[PDB]
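Numbering (the numbering used here), first residue to last: 1453 to 1969.
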Ligand SMILES: CC(C)(Sc1nc2ncccc2n1Cc1ccc(Br)c2ccccc12)C(=O)O
């Protein structure tokens, strides 16, 4: 509400703490849902089905016993990198390759056949996975990144429909509905019997996740007093950062693709159930002509906060008088027609959108394929969650005692350079590769939290909202475009990482030009 009314009710009190505690918790499950792909879409080694081994009759027919390692060569051509071909099989068994003396160069997939009878996967680490369930390998390999992109697409559409809708019906209504939709779609996706159904439900989940993300931030921002807004926003950001540790702790327990999704998405039913006693912001209520309900909510909060007499003395006349400032000037959002037209301000917008897209792209493109970065996914997830926090706390101190522009440029350049260096080092040293990847992700996180603050300060007060929205849309579009880059991995796994490392470096170098503060 207006500063006078909010101060009369109380800037900080019980209700603020209760609402913050209620709203931060779902944010950890809004990060578990986003990062569930690393564990529910893993790619295990997939040999080609062979009747000699799986069908026990044929194997037992041969007198004596033949070791599986020695009997595998006779029916699998030697694939690249001294391994078994992932999507080929011998047309007929070749006992000539059985003798180790003969060179295996003559034995190749020139006279082989495709995987007609299906693939055999590994159940040592993951008991089940979507890839092993719908054969998303070989010719369907490209279908794995696609599922990651569509989900991100949903998020982009959500902010396009949760923007105006929440400005007409309210904040709490949209938040509750989005919680319900998240819970229902997550519960339903676990039972999807075909790939397109799962993709559709994932897209709907992304839509609801965007709605929750916007509404939860708007509701927190409005109610908290002016002096304590960034302090609560950073807590809201730290919740999402602890979401990574939560994800790492959950996946280690259940090894499945349906149980994991169901367990992750079930708590949103409780989130919806208890989300009915949260108060609707009176700021939105009063401006939109809803006076009586806003007054009732204000009195309710005043009674909650421990000041009864103050709330009792309130009357609609004082309420109308105190909010005349907002009513007189009905600030209408200004379109881009008055933003890009001024030549002087063009560079600022260009560079800001460049930074927002660079981070939206590289961080989603790198985090989603967490396997290629290190050795074991669980340790990488835990370390990302642990390291994100200190970087996010230290960025604020850096900004206080150092310029915004140097900090932004240095963080972005260092993140990009660490990501790039991760590829060059060999695979013998898993520890160093994992450490470099973790540092790169932490740097990207720091750059993102710094640019969030930096963007608003650049432009005047009137044009800040349009620029922030443009940056968010750019940053979302880059996220969508991120996963698609992996389709170049056929040439080699190094090219996607090279691109992910080159983009942030150039963005950070460019971001040194725009003025300070
Ligand atoms: C809105 C938020 C979760 S903020 C936040 N802080 C972050 N820090 C690091 C990484 C993500 C972080 N988010 C969430 C986030 C930001 C930008 C993009 Br694009 C996202 C795309 C998909 C899902 C979440 C996204 C909150 O605090 O309520």
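Just so it is clear, CB atoms sit at the ideal spot from N, CA and C, and this is done for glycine as well.
- Between residue 1505 and residue 1525, the gap from beta carbon to beta carbon reaches 9 Å or more.
- If you keep only unbroken alpha helix (DSSP H) runs of at least 4 residues inside the segment 1699 to 1782, you get 1710 to 1717, 1720 to 1726, 1734 to 1739, 1744 to 1757, 1760 to 1765, 1768 to 1774, 1776 to 1780.
- Here residue 1728 is exposed: its Cβ has fewer than 16 other Cβ atoms, across all protein chains shown, within 10 Å.
- For residue 1909, the enclosing alpha helix (DSSP H) covers residues 1882 to 1910.
- Here DSSP, grouped into helix, strand and coil, assigns residue 1597 to helix.
- Residue 1643 is positioned such that its CB atom lies no closer than 9 Å to that of residue 1599.
- The residues 1696, 1890, 1893, in chain order, have a CB closer than 7 Å to that of residue 1836 in the same chain once the five nearest residues on each side in sequence are set aside.
- Here the C-alpha atom of residue 1545 lies approximately 15 Å from the C-alpha atom of residue 1507.
- In this structure the segment 1801 to 1809 touches the segment 1921 to 1930; the number of beta carbon pairs closer than 8 Å is three or more.
- In this structure, the CA atom of residue 1470 is about 14 Å from the CA atom of residue 1723.
- Relative to ligand 1, even the nearest heavy atom lies 8 Å or more away from the CB of residue 1833.
- DSSP places residue 1536 within a strand segment (E or B) once states are collapsed to three.
- Look at the beta carbons and you see the segment 1902 to 1921 touching the segment 1770 to 1790: at least three pairs across the two are nearer than 8 Å.
- With 16 or more other CB atoms across the displayed protein chains lying within 10 angstroms of its CB, residue 1819 is buried.
- In terms of CA proximity to residue 1741, 1768 leads the group 1631, 1659, 1768.
- DSSP places residue 1541 in the strand class (E or B) of the three-state scheme.
- Nearest neighbour of residue 1683 by Cα position, chosen from 1635, 1845, 1793, turns out to be 1845.
- By the neighbour-count criterion, in which 16 or more other beta carbons inside 10 Å mark a residue as buried, residue 1650 falls on the buried side.
- It is roughly 24 Å from the alpha-carbon of residue 1951 to the alpha-carbon of residue 1799.
- Residue 1530 sits in a strand when the DSSP states are folded into three classes.
- Annotation for residue 1847: the continuous alpha helix (DSSP H) segment containing it runs 1829 to 1853.
- Taking one beta carbon from each stretch, the segment 1616 to 1632 and the segment 1651 to 1665 have 3 or more pairs nearer than 8 Å; the two touch.
- Distances taken from the Cβ of residue 1589 to the heavy atoms of ligand 1 include none shorter than 8 Å.
- For residue 1459, the number of other beta carbons within 10 angstroms of its own is below 16, and it is reported as exposed.
- The beta carbon of residue 1734 lies closer than 7 Å to those of 1453, 1746, 1749, 1750 in the same chain, with the five residues before and after it left out.
- Short note on residue 1928: C-beta closer than 8 Å to some heavy atom of ligand 1.
- Within the model, the alpha-carbon separation for residue 1756 versus residue 1737 is close to 19 Å.
- In the DSSP assignment, residue 1567 falls outside any alpha helix (DSSP H) and carries neither an H nor an E.
- Between residue 1857 and residue 1966 a beta carbon distance of about 7 Å is seen, short of the 8 Å cut, so the two are scored as contacting.
- One Cα belongs to residue 1959, the other to residue 1865, and the distance between them is close to 8 Å.
- Excluding five sequence positions before and after residue 1882, the CB atoms of its chain that fall closer than 6 Å to its own CB belong to 1827, given in chain order.
- Following the DSSP letters along the chain, one finds residue 1924 inside the alpha helix (DSSP H) bounded by residues 1916 to 1936.
- According to the DSSP assignment, residue 1454 belongs to no alpha helix (DSSP H), since it is labelled neither H nor E.
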